There are 2 protein chains.
Amino acid sequence: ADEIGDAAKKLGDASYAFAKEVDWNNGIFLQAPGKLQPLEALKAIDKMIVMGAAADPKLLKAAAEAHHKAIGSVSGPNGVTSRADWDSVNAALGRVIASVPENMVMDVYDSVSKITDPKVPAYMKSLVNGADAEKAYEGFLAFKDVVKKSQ
Amino acid sequence: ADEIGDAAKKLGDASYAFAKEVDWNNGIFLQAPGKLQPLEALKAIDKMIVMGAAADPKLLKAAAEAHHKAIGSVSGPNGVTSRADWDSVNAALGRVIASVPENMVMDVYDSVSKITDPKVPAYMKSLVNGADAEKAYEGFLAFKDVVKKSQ
Ligand SMILES: CCCCCCCCCCCCCCCCCC(=O)OC[C@H](CO[C@@H]1O[C@H](CO[C@H]2O[C@H](CO)[C@H](O)[C@H](O)[C@H]2O)[C@H](O)[C@H](O)[C@H]1O)OC(=O)CCCCCCCCCCCCCCCCC
Ligand SMILES: CCCCCCCCCCCCCCCCCC(=O)OC[C@H](CO[C@@H]1O[C@H](CO[C@H]2O[C@H](CO)[C@H](O)[C@H](O)[C@H]2O)[C@H](O)[C@H](O)[C@H]1O)OC(=O)CCCCCCCCCCCCCCCCC
Ligand code: BCL
Ligand code: BCL
Ligand SMILES: CC(=O)O[C@H]1CC(C)(C)C(=C=C/C(C)=C/C=C/C=C/C=C(C)/C=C2C=C(/C=C/[C@@]34O[C@]3(C)C[C@@H](O)CC4(C)C)C(=O)O/2)[C@](C)(O)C1
Ligand SMILES: CC(=O)O[C@H]1CC(C)(C)C(=C=C/C(C)=C/C=C/C=C/C=C(C)/C=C2C=C(/C=C/[C@@]34O[C@]3(C)C[C@@H](O)CC4(C)C)C(=O)O/2)[C@](C)(O)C1
Ligand SMILES: CC(=O)O[C@H]1CC(C)(C)C(=C=C/C(C)=C/C=C/C=C/C=C(C)/C=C2C=C(/C=C/[C@@]34O[C@]3(C)C[C@@H](O)CC4(C)C)C(=O)O/2)[C@](C)(O)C1
Ligand SMILES: CC(=O)O[C@H]1CC(C)(C)C(=C=C/C(C)=C/C=C/C=C/C=C(C)/C=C2C=C(/C=C/[C@@]34O[C@]3(C)C[C@@H](O)CC4(C)C)C(=O)O/2)[C@](C)(O)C1
Ligand SMILES: CC(=O)O[C@H]1CC(C)(C)C(=C=C/C(C)=C/C=C/C=C/C=C(C)/C=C2C=C(/C=C/[C@@]34O[C@]3(C)C[C@@H](O)CC4(C)C)C(=O)O/2)[C@](C)(O)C1
Ligand SMILES: CC(=O)O[C@H]1CC(C)(C)C(=C=C/C(C)=C/C=C/C=C/C=C(C)/C=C2C=C(/C=C/[C@@]34O[C@]3(C)C[C@@H](O)CC4(C)C)C(=O)O/2)[C@](C)(O)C1
Ligand SMILES: CC(=O)O[C@H]1CC(C)(C)C(=C=C/C(C)=C/C=C/C=C/C=C(C)/C=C2C=C(/C=C/[C@@]34O[C@]3(C)C[C@@H](O)CC4(C)C)C(=O)O/2)[C@](C)(O)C1
Ligand SMILES: CC(=O)O[C@H]1CC(C)(C)C(=C=C/C(C)=C/C=C/C=C/C=C(C)/C=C2C=C(/C=C/[C@@]34O[C@]3(C)C[C@@H](O)CC4(C)C)C(=O)O/2)[C@](C)(O)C1
Ligand SMILES: [Cl-]
Ligand SMILES: [Cl-]
Ligand SMILES: [Cl-]
Ligand SMILES: [Cl-]
Ligand SMILES: [K+]
Ligand SMILES: [K+]
Ligand code: NA
Ligand code: NA
């Protein structure tokens, strides 16, 4: 047990209503988030490869194992994993994020934001309950504070 | 140095003409290979997650580092990496493949083949020189024989 684990459980309370509302079987997630810009997208992938090469190998392994288990408990019409496995996933990703320097995480965020059309967040939000999306994001802000303290 | 490394250099001789011919900046690679079938595709991704969780963490790390270096040497109008970095990539992936049981690798191959439309290989081949694609594949057959012997 650790503090990211505890923080993940508060994140779930804040965000699992939102996770149940997203239709995870929508084909839209395979689409570029706006115009496909292969050269800019390669830049964003390079930043993620750098981050992955720097991330703790055991925490990467655990994150994969948590997603395999989360695939096993998908149910309902939107393909949502169980609440326990949602929390498991979020804690294991928080530990990966904490295992690399802050600059590597911001470089993925900035490099992806460059290729994301400004309409994409509001479009996604419009498909779920907006209050539950707000509550999920406020959850995320509290969670990343604990992550940063282990980082 | 190892035998997969040596085998990668013979693979490059056989396959780098083909790699120069693929237009790696084509947007088509983001598309599903045929009809998007989210539930079947999740099955194929689950098999890759299982394989990744079982793969040697150091060899996964080295494979990411080799792709970061290969992104650095992209040139020309098709986005092809250098010949040296092509070989580097192929040897590092061969080592990952050798670090897990044969069944995990076949389960990814079978689970992806299930979602790949039968026209997709011939369509891809039609965009390059067909003899060089054949030579690249015969390379791959010789390479996977060395991989299997380290596996
Ligand atoms: C096949 C090859 C591989 C293909 C895939 C690889 C590439 C993947 C690219 C596609 C994924 C991108 C689309 C994701 C959209 C979700 C992000 C979002 O909705 O974000 C919404 C926000 C909204 O903006 C925020 O809005 C906030 C509003 O808060 C206010 O209001 C709030 C509640 O409303 C709270 O009350 C809060 O306290 C109050 O401050 C603040 O103003 C913030 O400053 C502002 O940042 O937009 C932002 O962050 C701006 C940037 C948006 C995009 C940034 C990306 C975010 C995630 C990047 C990391 C990885 C993603 C890919 C990796 C794949 C995984 C392995
Ligand atoms: C954003 C979320 C993430 C998105 C992406 C995740 C999912 C990705 C799915 C999209 C990628 C799939 C499309 C790839 C097509 C390339 C495969 C191919 O052209 O293959 C062509 C072959 C042609 O068939 C072969 O044809 C051969 C012909 O050989 C003959 O002829 C030859 C030369 O012509 C030689 O002479 C030889 O000696 C002689 O035997 C033999 O008959 C073989 O038995 C037969 O298998 O089709 C086959 O294998 C049949 C199966 C074809 C598809 C199988 C997949 C292959 C690769 C799977 C592994 C990973 C891919 C995804 C992972 C992502 C990476 C991290
Ligand atoms: C071995 C490594 C792991 C893995 C490592 C990572 C890492 C590392 C990250 C992702 C993130 C994401 N992964 Mg993952 N991921 C894996 C397996 C999967 C599988 C699968 C089939 O198993 C799927 C479908 C996905 C899907 C996703 C997306 C939901 C998301 C990227 C788009 C995004 O930002 O949407 C928006 C994201 C969500 C809807 C997820 C929940 C986010 C928070 C907790 C709550 C909602 C807040 C707010 C409303 C919306 C997001 C705004 C912010 C700017 C964060 N991953 C593998 C097994 N994944 C990224 C992410 O979520 O970025 C924010 C991320 O940082
Ligand atoms: C950390 C892990 C690694 C990684 C791990 C893997 C693993 C593991 C595999 C892939 C494979 C692939 N990866 Mg990779 N990959 C990474 C980074 C990338 C990046 C990036 C921007 O850095 C890109 C663009 C890609 C692109 C690709 C595709 C070319 C390919 C999956 C589709 C396919 O089978 O096409 C067909 C493939 C090619 C055109 C590549 C060369 C194949 C051989 C050597 C020569 C051509 C033979 C023949 C003509 C065509 C293929 C037929 C066969 C059935 C093999 N990877 C990261 C950093 N990648 C898979 C693959 O190639 O399956 C065959 C695979 O097994
Ligand atoms: C081989 C292998 O290992 O694969 C694994 C590798 C990983 C990395 C581990 C992995 C993973 C995680 C991944 C890739 C997550 C990807 C997330 C992508 C989210 C995409 C989104 C949000 C896309 C869009 C596109 C939109 C377009 C919207 C618009 O066009 C619309 C409609 C109408 C227009 O008029 C206006 C518009 C509004 C502009 C939108 O609104 O959103 C996974 C899945 O495990 C597979
Ligand atoms: C060895 C091996 O296998 O490697 C493989 C390993 C993987 C894992 C499979 C792999 C991969 C994927 C990777 C690394 C994905 C990385 C994802 C990073 C996500 C980062 C996020 C969300 C960052 C942020 C930053 C934010 C900042 C928000 C704020 O600052 C803002 C705007 C304004 C402020 O006022 C307040 C604020 C709120 C502070 C935010 O909101 O979000 C890869 C590439 O395949 C390699
Ligand atoms: C088709 C289908 O059915 O797919 C099914 C597939 C599954 C797997 C079963 C499934 C599922 C679950 C999924 C996808 C869950 C996704 C979770 C994503 C979690 C992402 C996390 C936590 C990311 C971050 C990024 C962080 C960044 C933090 C910082 O940068 C920030 C901000 C500010 C800096 O100053 C300091 C900092 C600390 C650096 C962080 O702290 O955290 C589902 C729903 O069932 C769908
Ligand atoms: C070859 C093949 O087929 O592979 C298949 C493999 C799979 C794995 C089966 C597959 C898949 C599934 C995938 C990747 C799923 C990824 C899902 C990502 C979902 C992202 C969502 C919901 C994003 C948002 C963003 C939002 C933003 C809301 C806000 O910012 C807004 C507006 C303003 C403020 O209020 C703050 C805010 C509240 C922050 C929101 O509210 O939500 C797929 C696609 O089938 C392809
Ligand atoms: C977040 C993160 O970590 O992301 C990283 C995660 C990874 C896993 C490390 C990673 C990687 C590797 C990946 C995903 C490789 C994906 C390869 C996909 C190849 C896709 C192909 C071939 C798609 C198609 C679609 C076709 C459609 C063809 C047709 O429709 C056409 C035209 C005409 C129709 O009439 C008939 C038809 C012929 C049927 C086709 O012929 O081919 C990467 C890139 O590093 C990003
Ligand atoms: C901890 C962590 O970060 O995990 C992350 C790590 C990654 C790496 C980023 C990640 C990932 C991606 C993974 C595992 C991708 C796996 C790719 C596997 C590819 C397999 C291939 C090509 C297999 C084959 C089998 C073949 C068989 C061909 C033949 O039998 C046939 C037909 C007929 C015979 O007569 C002759 C024959 C020729 C013998 C072939 O031709 O090809 C993931 C999921 O994101 C998790
Ligand atoms: C947008 C853009 O510019 O992107 C740029 C991005 C880059 C990275 C810079 C770039 C590049 C390089 C790239 C993608 C290279 C891809 C290489 C893929 C290599 C895949 C390999 C070796 C896969 C396998 C699978 C194997 C399976 C073997 C077996 O199953 C088989 C068969 C039979 C079983 O009985 C025994 C077995 C042993 C289990 C194996 O042996 O090997 C490029 C070209 O510049 C494009
Ligand atoms: C959000 C966003 O934008 O992300 C972006 C991120 C990136 C990384 C920038 C990006 C990218 C690039 C990607 C994934 C590239 C993947 C390339 C895969 C290429 C696959 C090819 C060539 C496959 C084939 C298969 C062939 C088969 C030939 C044969 O079987 C045939 C017929 C018959 C026999 O003769 C045997 C044979 C000879 C075996 C062939 O000949 O070739 C993209 C797409 O821009 C999206
Ligand atoms: Cl506890
Ligand atoms: Cl571009
Ligand atoms: Cl040598
Ligand atoms: Cl389906
Ligand atoms: K479970
Ligand atoms: K180089
Ligand atoms: Na460790
Ligand atoms: Na090792």
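Computation of the quantities below employed the complete heavy-atom set of this structure, encompassing side-chain atoms and omitting hydrogens, waters and symmetry-equivalent molecules. Labels below follow one simple rule: chain letters A, B, ... track the order of the sequence lines, proteins then strands, and each chain is numbered from 1. Start at 1 and go down the list; that is how both ligands and their atoms are numbered.
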Requested in this report: Please report which non-hydrogen protein atom sits nearest to atom 18 (C) of ligand 4, along with the residue it belongs to and the distance in Å to one decimal place.
Outcome: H67(B) CD2, 3.6 Å
Query raised in the report: Which protein heavy atom lies closest to atom 29 (C) of ligand 4, and at what distance to 0.1 Å?
Result: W24(B) CZ3, 3.9 Å
Requested in this report: Write out the residue and atom name of the closest protein heavy atom to atom 27 (C) of ligand 5, then the distance separating them to 0.1 Å.
Outcome: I28(A) CD1, 4.1 Å
Report task. Determine, counting only non-hydrogen atoms of the protein, whether one lies under 4.0 angstrom from atom 15 (N) of ligand 4. Result -> yes
Requested in this report: Could you tell me whether the side chain of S113(B) and the main chain of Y109(B) form a donor-acceptor pair under 3.5 Å?
Outcome: no
**Report entry** Taking atom 10 (C) of ligand 4 as the reference point, the nearest protein heavy atom with its distance
**Finding:** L93(B) CD1, 4.2 Å
**Report entry** atom 10 (C) of ligand 12 protein-contacted (non-hydrogen atom, under 4.0 angstrom)
**Finding:** no
Query raised in the report: Is it the side chain (CB and beyond), the backbone, both or neither of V96(B) that lies under 4.0 Å from ligand 4, heavy atoms counted?
Result: neither
Report task. Applying side-chain contact (heavy atoms from CB on, under 4.5 Å), run through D13(A) and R83(A) and close with a yes or a no. Result -> CA-CA 9 Å; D13(A) 288 349; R83(A) 166 71 198 271; 3.0 Å; yes
Requested in this report: Answer yes or no: is there a side-chain heavy-atom contact under 4.5 Å between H67(A) and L93(A)?
Outcome: yes
Report summary line: For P121(B), the atoms of ligand 12 under 4.0 Å from one of its heavy atoms are 26 (C), 27 (C), 30 (O), 32 (C)
Query raised in the report: In the protein, which heavy atom is nearest to atom 49 (C) of ligand 4, and how far is it?
Result: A133(B) O, 3.7 Å
Query raised in the report: Less than 4.0 Å between atom 61 (C) of ligand 4 and some protein heavy atom, yes or no?
Result: no
Report summary line: At under 4.0 Å between heavy atoms, what of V108(B) touches ligand 4? The answer is neither
Query raised in the report: Does the protein put any heavy atom within less than 4.0 Å of atom 25 (C) of ligand 4?
Result: no
Query raised in the report: Distance-only, no hydrogens or angles: does the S73(A) side chain make a donor-acceptor pair with backbone N or O of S82(A) under 3.5 Å?
Result: yes
Query - Closest approach of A133(B) to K125(B) (non-hydrogen atoms, all atoms of both residues) - result: CB-CG, 4.1 Å
Query raised in the report: Any donor-acceptor pair under 3.5 Å linking the side chain of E3(A) with the backbone of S150(A)?
Result: no
Query raised in the report: Identify the closest protein heavy atom to atom 22 (O) of ligand 4: which residue and atom is it, and at what distance?
Result: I49(A) CD1, 3.4 Å
Report task. Considering heavy atoms of the protein only, find what lies nearest to atom 50 (C) of ligand 4 and give residue, atom and distance to 0.1 Å. Result -> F18(B) CZ, 4.7 Å
Query raised in the report: Any side-chain heavy-atom pair from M124(B) and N26(B) closer than 4.5 angstrom?
Result: no
Query raised in the report: Sub-3.5 Å donor-acceptor pair from the side chain of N90(A) to the main-chain atoms of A8(A), do we have one?
Result: no
Query raised in the report: Would you say atom 15 (C) of ligand 12 touches the protein, meaning some protein heavy atom is under 4.0 Å from it?
Result: yes
Query raised in the report: Looking at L36(A), which atoms of ligand 12 are within less than 4.0 Å of one of its heavy atoms?
Result: 3 (O), 45 (O)
Query - Sub-4.0 Å atoms of ligand 5 with respect to non-hydrogen atoms of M48(B) - result: 1 (C), 2 (C)
Query raised in the report: Would the number of heavy atoms belonging to other residues, nucleotides or ligands and lying under 6.0 Å from NZ of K144(A) be above 12?
Result: yes
Requested in this report: Among all protein heavy atoms, pick the one closest to atom 54 (C) of ligand 4 and tell me residue, atom and distance.
Outcome: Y109(B) CE1, 4.3 Å
Report summary line: Note: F29(B), heavy atoms under 4.0 Å from ligand 4, region reported as neither
Query raised in the report: Which atoms of ligand 12 have any heavy atom of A133(B) under 4.0 Å away?
Result: 38 (C), 41 (O)
Query raised in the report: For atom 17 (C) of ligand 5, which protein heavy atom lies nearest, and how many Å away is it?
Result: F29(A) O, 4.2 Å
**Report entry** Side-chain touch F143(B)/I4(B), heavy atoms, less than 4.5 angstrom
**Finding:** yes
Report summary line: The single option from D2(A), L60(A), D56(A), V147(A) that satisfies side-chain contact (heavy atoms from CB on, under 4.5 Å) with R95(A) is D2(A)
Query raised in the report: What protein heavy atom sits nearest atom 36 (C) of ligand 5, and how far away is it?
Result: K119(A) CD, 4.2 Å
Requested in this report: Would you mind running through ligand 12 and noting each atom that sits below 4.0 Å from a heavy atom of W24(B)?
Outcome: 12 (C), 17 (C)
Query raised in the report: Taking the side chain as C-beta and beyond, is there a heavy-atom pair between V74(A) and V80(A) under 4.5 Å?
Result: no
Report summary line: Quick note on ligand 12: atoms under 4.0 Å from a heavy atom of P38(A) include exactly 9 (C), 45 (O)
Query raised in the report: Is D107(A) reaching over with its side chain to a backbone N or O of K47(A), donor-acceptor style, under 3.5 angstrom?
Result: no
Requested in this report: Write out the residue and atom name of the closest protein heavy atom to atom 21 (C) of ligand 4, then the distance separating them to 0.1 Å.
Outcome: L42(A) CD1, 3.4 Å
Report summary line: atom 43 (C) of ligand 5 sits nearest the protein heavy atom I45(B) CG2, 4.1 Å
Query raised in the report: Under 4.5 Å between any side-chain heavy atoms of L42(B) and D46(B), yes or no?
Result: no
Query raised in the report: Which atoms from ligand 5 have a heavy atom of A32(A) less than 4.0 Å away?
Result: 25 (C)
Requested in this report: Check whether any side-chain heavy atom of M51(B) sits under 4.5 Å from a side-chain heavy atom of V105(B), and report yes or no.
Outcome: yes
Query raised in the report: Given side chains that start at C-beta, do those of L36(B) and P38(B) come closer than 4.5 Å, heavy atoms only?
Result: yes
Requested in this report: State whether any protein heavy atom lies less than 4.0 Å from atom 64 (C) of ligand 4.
Outcome: no
Report summary line: Ranking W86(B), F143(B), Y137(B), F140(B) by closest non-hydrogen atom to atom 40 (C) of ligand 4, top hit is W86(B)
Requested in this report: Please identify which atoms of ligand 12 are closer than 4.0 Å to at least one heavy atom of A122(B).
Outcome: 32 (C)
Query - Heavy atom of the protein closest to atom 41 (O) of ligand 5 (residue, atom name, distance) - result: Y123(A) CD2, 3.2 Å
Requested in this report: Look at the side chain of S88(B) and the backbone N and O of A84(B), then say whether any donor-acceptor pair between them is shorter than 3.5 Å.
Outcome: no
Query raised in the report: Short list, please: which atoms of ligand 12 are under 4.0 Å from a heavy atom of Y137(B)?
Result: 39 (C)
Query raised in the report: Is a donor on one side and an acceptor on the other found under 3.5 Å between the side chain of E40(A) and the backbone of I115(A)?
Result: no
Query raised in the report: Given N26(B), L42(A), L30(B), which has its nearest heavy atom closest to atom 46 (C) of ligand 12?
Result: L30(B)
**Report entry** Proximity to ligand 5 by part of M124(A), non-hydrogen separation under 4.0 Å
**Finding:** side chain
Requested in this report: Would you confirm whether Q37(A), through its side chain, and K35(A), through its main-chain N or O, come within 3.5 Å as a donor-acceptor pair?
Outcome: yes
Query raised in the report: If we only count N/O pairs under 3.5 Å, is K125(B) in contact with ligand 12?
Result: yes
Requested in this report: Please confirm whether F18(B) comes under 4.0 Å of ligand 12, counting heavy atoms of the residue only.
Outcome: yes
Query raised in the report: Could any protein non-hydrogen atom be found less than 4.0 Å from atom 6 (C) of ligand 4?
Result: yes
Report summary line: atom 30 (O) of ligand 5: closest protein heavy atom, distance to 0.1 Å, is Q31(A) OE1, 5.0 Å
Query raised in the report: For atom 2 (C) of ligand 12, what is the nearest protein heavy atom, given as residue, atom name and distance?
Result: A41(A) CB, 3.7 Å
Query raised in the report: So do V50(B) and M104(B) actually touch side chain to side chain, heavy atoms under 4.5 Å?
Result: yes
Query raised in the report: Do you see a donor-acceptor pair shorter than 3.5 Å between the side chains of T81(B) and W24(B)?
Result: no
Report summary line: If we number the atoms of ligand 12 from 1 as shown, the ones under 4.0 Å from a heavy atom of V22(B) are 22 (C)
